């Protein structure tokens, strides 16, 4: 049931129409693609409920990836934003600049990547659901989720207060752990949650340091635009 314009000649990143609250997961793989200069296409999904899309991601959410296998004879897929970061690092980051160069680096990268994937990420996702999408309003649930966000900010703040710890996983450079965390740990997102981001100064300084990277600027610029160009849905450009 695949749309006619869906072809996989290179990495295809699946996104939706760009809004303030539709881009915080899709921007993650886009940042890493921009950091590594990976050739890729953008596919704007009209309906994530469409049967053809569930064959790619059974969880029926963006981001998702279709790409050629290393030998180029088969197609493979990545879904869940953390999984898209793990795939891009595996396939395209051969020097381990963002994925980690050894067991030691990867131990810490996986600690802070998994902490985001298991705690802040899902908590932020449930907060957004109950705050906007759920038919009924449940303030007690929304407040508890907001409370849990501040606990995760406290953990990140502690880490970034350790001597010479410029980034979450490694002291020297940002990794897929930092890319996964940034969209749910920046001033704009903090303000959406109704939090004063200045209460976590080292986390705020970290979010600014990440935001000054050219690949991060390019990612935020592009993700906002998807679906608002001459072509509303389907394969862009």
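Positions refer to the first chain, counted from 1.
Asker: Averaging C-alpha B-factors over each stretch, which comes out higher, 111 to 119 or 89 to 97?
Answerer: 89 to 97 has the higher mean C-alpha B-factor.
Asker: On average, are the C-alpha B-factors higher in 197 to 205 or in 176 to 184?
Answerer: Per the PDB entry, the higher value belongs to 197 to 205.
Asker: Going by the deposited entry, which of 152, 141, 81, 104 has the highest CA temperature factor?
Answerer: Each of 152, 141, 81, 104 was compared by C-alpha B-factor; the highest is 141.
Asker: Using only modelled residues of the chain, where does the Cα B factor of residue 36 rank: lowest third, middle third or highest third?
Answerer: Middle third by C-alpha B-factor.
Asker: What third of the chain, by the recorded C-alpha B-factor, contains residue 211?
Answerer: Tercile = middle for this residue's CA B-factor.
Asker: Sorting by Cα B-factor within the chain, modelled residues only, which third would residue 137 end up in: lowest, middle or highest?
Answerer: Highest third - that is where residue 137 ends up once the chain's C-alpha B-factors are sorted.
Asker: Considering only modelled residues of the same chain, in which third does the CA B-factor of residue 48 rank: lowest, middle or highest?
Answerer: As the PDB entry reports it, the C-alpha B-factor of residue 48 lands in the highest third of its chain.
Asker: Within this chain, which third does the Cα B-factor at residue 69 fall in: lowest, middle or highest?
Answerer: Its C-alpha B-factor, which the entry lists for residue 69, ranks in the highest third among residues of this chain.
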